[PDB]
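Each chain, letter by letter, is given below.
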Amino acid sequence: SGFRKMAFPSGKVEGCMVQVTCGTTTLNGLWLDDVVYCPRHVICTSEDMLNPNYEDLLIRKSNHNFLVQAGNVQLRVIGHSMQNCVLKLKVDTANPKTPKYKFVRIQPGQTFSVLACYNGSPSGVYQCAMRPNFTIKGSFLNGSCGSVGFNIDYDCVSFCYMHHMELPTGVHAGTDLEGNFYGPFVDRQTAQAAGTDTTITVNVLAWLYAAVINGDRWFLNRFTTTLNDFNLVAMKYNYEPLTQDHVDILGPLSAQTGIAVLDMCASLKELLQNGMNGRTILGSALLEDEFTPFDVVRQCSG
Amino acid sequence: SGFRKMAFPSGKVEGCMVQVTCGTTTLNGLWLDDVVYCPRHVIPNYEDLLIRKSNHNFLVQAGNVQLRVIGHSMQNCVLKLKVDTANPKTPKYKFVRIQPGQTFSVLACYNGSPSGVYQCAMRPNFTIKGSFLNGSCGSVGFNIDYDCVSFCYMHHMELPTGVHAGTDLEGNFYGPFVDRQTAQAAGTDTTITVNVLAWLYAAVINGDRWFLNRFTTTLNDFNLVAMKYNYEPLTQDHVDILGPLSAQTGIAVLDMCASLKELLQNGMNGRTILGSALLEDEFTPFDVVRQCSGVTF
Ligand SMILES: O=C(Nc1cncc2ccccc12)[C@@H]1NCCc2ccc(Cl)cc21
Ligand SMILES: [Cl-]
């Protein structure tokens, strides 16, 4: 019993964090095999941040301009290439702590753990979700660039995120490990605003099923709804549309609890209308949306 | 910017998790140097049940390697299995007993394999509101100070309300609990006041000021109100501990107490603080400073 926002154990990722210094800029790199991955904005100066030409700035750099530090060991950069918004520094040593890994690009609503780092040293680990507006509500200070988001399903680390920047609202933007940004963001100081954020509906339903599995049933009702009627109500509360894929995904939880997805949708509609009334669901007074259906099953069953 | 419930990086602890099997029971062990620590309920008159056990009855597995048990002893509610091999991944460590209100990270394990890491607090009623399934016994709570892991908790059981009970690494239970199937109930819980204030300072540091007011209060008047809402008494030590946050934000601790007093008597009014509609009490003043300054390990 119990339901916590749980991150993956960060050990496999900690053994990959390095510090990447280029000129006056220092941030984090991810050392996997003989390559160090980091945000390409590490090659940027003061006046080369509003409109940087990364191809032009990178051509002027030599291998010895990049200082990579793994613990108290300086690694030797023997090559450099750019892939989208990520810089790949070929090094003369393969990381002995390289875990079994994959680069995966996630979709909004997906969760992952973040290993926040400063100067190549891990400071903390927390659980996040890719918001529908493609930002992450992380916890990052200056120097956190290069910190990574990942999932550890089985013994394989799936890297899904690399931190690049903080938007004016305090939310964060970044890329997959191939350098493709999540959302309409670019790695420059130009005016960029996150779109209006919405609640990840399928995740709220997954969390309502977690509450039922843990013995919380007060919010259940005798009603059901059509998928269309639910979405018409949901949109009015800035909730993401629930698709037939989401209904299918929630099938296992519906089978385990005996509460049909559209039946749980009618509970969610009622909660949106009434609020909680001094009550909590799994120790929360708000509807939690950073637990996917897969997270709920893993945490409640194994 | 941002404020998250953040756990310590769990790597140093992951290299210590092993699986301990005794008879039909399988749980987790903590392998430090040549000793494996685990809950004694893996084997009631525990002295008598332990005397009937031989070293080969304990099957300890570190990854795909079976470790050989060369000795066994009991210290309070923890079993210590002496093994032939010292753990090469043994970090710099200490066994520390924490006080209610203090926070720590939990590395939840099943069959000696880490499955997740979360942050939690020792409740004033000595329970932890964890996330644990069958097989999680032996999972440990810890903090990291510089490069030293301070082990503070070992999971033993789940109480009927779904909350959890366990011991320090010397086998002394936190709270009035015993390691036996019997009627045991967690006492009435209270809110960790100093932690709520620390979290209000974290909200101010992140730009949330709506709850601030022009008012201040005496420590005595605050505690009279706090006692009424099942909040822990705020001591002069807590006020001193909150000093650095008070200096950084410009909001005196008793000034923040007047904000808390109003929040208790009047509620949030549809508003949130750091994305929460409840007052968060599982961040200590040190946690807030560590996260709002970026201390690394
Ligand atoms: O956002 C960046 N860094 C940070 C990242 N996270 C939390 C921060 C908090 C406080 C200050 C900086 C933070 C990075 N340096 C600032 C300008 C900038 C502009 C464009 C790009 Cl691509 C990156 C950057
Ligand atoms: Cl995905």
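Residue numbers count from 1 along every chain, following the sequence as written rather than necessarily the entry numbering; any residue without coordinates is not displayed. A letter from A marks each chain and a number from 1 marks each ligand, given out in the order of writing. Where side-chain values are given, they derive from all heavy atoms of the structure, hydrogens and water being excluded.

Per the deposited record, X-ray crystallography is how this structure was determined, to a resolution of 1.980 Å.

The name given to chain B in the PDB entry is 3C-like proteinase, and the organism recorded there is Severe acute respiratory syndrome coronavirus 2.

The PDB entry annotates chain A as 3C-like proteinase of Severe acute respiratory syndrome coronavirus 2.

All right, on to the overall build of chain A then. Counting from the N terminus, the helices are DSSP H or I runs at least four residues long and the strands are E runs at least two residues long. On a plain count of helices and strands, chain A comes out with eight helices and 13 strands. Looking at the 302 residues of chain A, the share that counts as buried comes to 56%. Here the analysis covers contacts within chain A between residues at least 6 apart in sequence; of these, 65% occur between residues at least 24 apart. Split by element, the accessible area of chain A, about 12800 Å² in all, is 49% carbon and sulfur. Across chain A, 22 positive and 26 negative side-chain charges occur, with their mean positions spaced 2 Å apart. A simple rule labels every residue: compare its accessible area, found with a 1.4 Å probe on the protein chains alone, to the largest value its type can have, and call it buried under 20%, exposed over 50%, or partly exposed in between. By the convention used here, residues are in contact when the closest approach between their heavy atoms is within 4.5 Å. We get accessible surface area from the Shrake-Rupley algorithm with a probe of 1.4 Å; when it comes to residues, only the shown protein chains can shield them. Only four residue types enter the charge count: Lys and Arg as positive, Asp and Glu as negative, with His and the chain ends excluded. A charge is said to be at NZ when it belongs to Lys, at CZ for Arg, at CG for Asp and at CD for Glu.

When you go through chain B residue by residue, the secondary structure sums to eight helices and 13 strands. Expected size for 297 residues packed as a compact globule is a radius of gyration near 19 Å; at 21 Å, chain B falls within 12% of this value. Counting only C-alpha atoms, chain B reaches 70 × 40 × 30 Å along its principal axes. When the accessible surface of chain B is split by element, carbon and sulfur atoms take 49% of a total near 12500 Å². Put simply, chain B has 22 plus and 24 minus side-chain charges, and the middle of one group is 3 Å from the middle of the other. Here the globule rule is a power law, 2.2 Å times the number of residues to the power 0.38, and the radius of gyration is based on C-alpha atoms.

Turning to the site of ligand 1, a few remarks are in order. Residue and element names in this part refer to chain A. Around ligand 1, the surrounding shell holds 15 residues, and the nearest of these are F140, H163, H164, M165 and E166. Counting of polar contacts relies on pairs of N or O atoms within 3.5 Å, with two restrictions inside protein: one atom must be capable of donating a hydrogen and the other of accepting it, and residues adjacent in sequence are counted only when both atoms are side-chain atoms. Measuring from a nitrogen atom of ligand 1, one finds a side-chain N or O atom of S144 at 3.4 Å. Take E166: an N or O atom from its main chain is 3.1 Å from an oxygen atom of ligand 1. Contact with the protein chains removes 78% of the 500 Å² of surface that ligand 1 exposes when unbound. When residues in the shell around ligand 1 are grouped by element, the largest group, four residues, is from strand β12 (residues 156-166). Grouping the constituent residues of the shell around ligand 1 by class yields five nonpolar, seven polar and three charged. Whether a residue is near a molecule or strand depends on its heavy atoms: if one lies within 4 Å, it is near. Just so you know the grouping, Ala, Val, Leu, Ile, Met, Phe, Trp, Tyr, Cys and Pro go in nonpolar, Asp, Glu, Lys and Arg go in charged, and all remaining residues, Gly too, go in polar.

The next point concerns the side chain of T225(A). Residues and elements named next belong to chain A. Relative to the elements of secondary structure, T225 occurs in the loop between α3 (201-213) and α4 (227-236). In this structure the side chain of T225 is engaged in a polar contact, spanning 2.8 Å, whose partner is the side chain of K269. Discounting chain neighbours no more than four positions away, the residues touching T225 are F230, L262, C265, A266 and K269.

Moving on, we get to the sheet that holds strand β2 (residues 25-32) of chain A. Residue and element names in this part refer to chain A. Ordered in space as β5-β4-β1-β2-β3-β7-β6, the seven strands form an open sheet in which the pairing is antiparallel. Of all strands in the sheet, those bounded by a partner on one side alone are β5 (73-75) and β6 (77-83). The mean inter-strand angle of the sheet, taken between neighbouring strand axes irrespective of direction, is 30°. Sheet topology places strand β3 (residues 35-39) next to strand β7 (residues 86-91); five bridges connect them, and they run antiparallel. Within the sheet, the bridge partner assigned to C38 lies in β7 and is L87. At least two DSSP bridges between two strands are required for those strands to pair. Lines are fitted to the C-alpha atoms to define the axes, a helix being fitted only along its stretch in contact, and any angle between axes, read from their N-to-C directions, falls within 0 to 180 degrees.

This paragraph deals with the side chain of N87(B). Residue and element names in this part refer to chain B. For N87, the position within the fold is in the loop between β7 (78-83) and β8 (92-95). At a separation of 2.9 Å, a polar atom in the side chain of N87 contacts the main-chain carbonyl oxygen of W31. Residues within four places of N87 in sequence aside, it is in contact with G15, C16, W31 and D33.

What follows concerns unusual backbone geometry. With phi around 50°, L282(A) is a residue other than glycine that occupies positive phi space. Tracing the chain through its elements places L282(A) in the loop between α7 (261-274) and α8 (293-301). One non-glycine residue with positive phi stands out, namely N269(B), at about 65°. When you line up the elements, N269(B) lands in the loop between α7 (253-266) and α8 (285-291). The exposed category is assigned to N269(B), whose relative accessible area is 55%.

With that settled, consider the nonpolar core. Residues grouped as a nonpolar core are buried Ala, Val, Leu, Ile, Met, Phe, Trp, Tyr and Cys residues, joined through side-chain atoms within 4.5 Å. Residues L30(A), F159(A), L30(B) and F151(B) are the most contacted members of the largest nonpolar core, which totals 41 residues. In contact with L30(A), not counting residues within four places along its chain, are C16(A), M17(A), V18(A), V35(A), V36(A), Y37(A), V148(A), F159(A), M162(A) and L177(A). Counting 35 residues, the second-largest nonpolar core is a separate cluster that includes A210(A), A211(A), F219(A) and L253(A).

Here we come to the domain arrangement of chain B. Residues and elements named next belong to chain B. Per the annotation, domain bounds derive from an automatic or database assignment of domains. Partitioning chain B into domains gives domain 1 (1-14 + 92-189), domain 2 (15-91) and domain 3 (190-293). On a C-alpha basis, the centres of domain 1 and domain 3 stand 25 Å from each other. Each partner contributes residues to the interface: domain 1 has 18 residues there, and domain 3 has 20 residues. Carbon and sulfur atoms supply 54% of the area that domain 1 and domain 3 bury against each other, a total of about 1500 Å² over both sides. Two parts placed together each lose some accessible area under a 1.4 Å probe, and the buried area is that loss summed for both. When the buried surface of domain 1 facing domain 3 is broken down by residue, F3, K5 and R123 rank first, second and third, together holding 42% of it. When a carboxyl oxygen of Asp or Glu lies within 4 Å of a side-chain nitrogen of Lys or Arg, that pair is called a salt bridge. Remark: the boundary between domain 1 and domain 3 carries three salt bridges. Note that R123 and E282 form a salt bridge whose closest N and O atoms lie 2.9 Å from each other.

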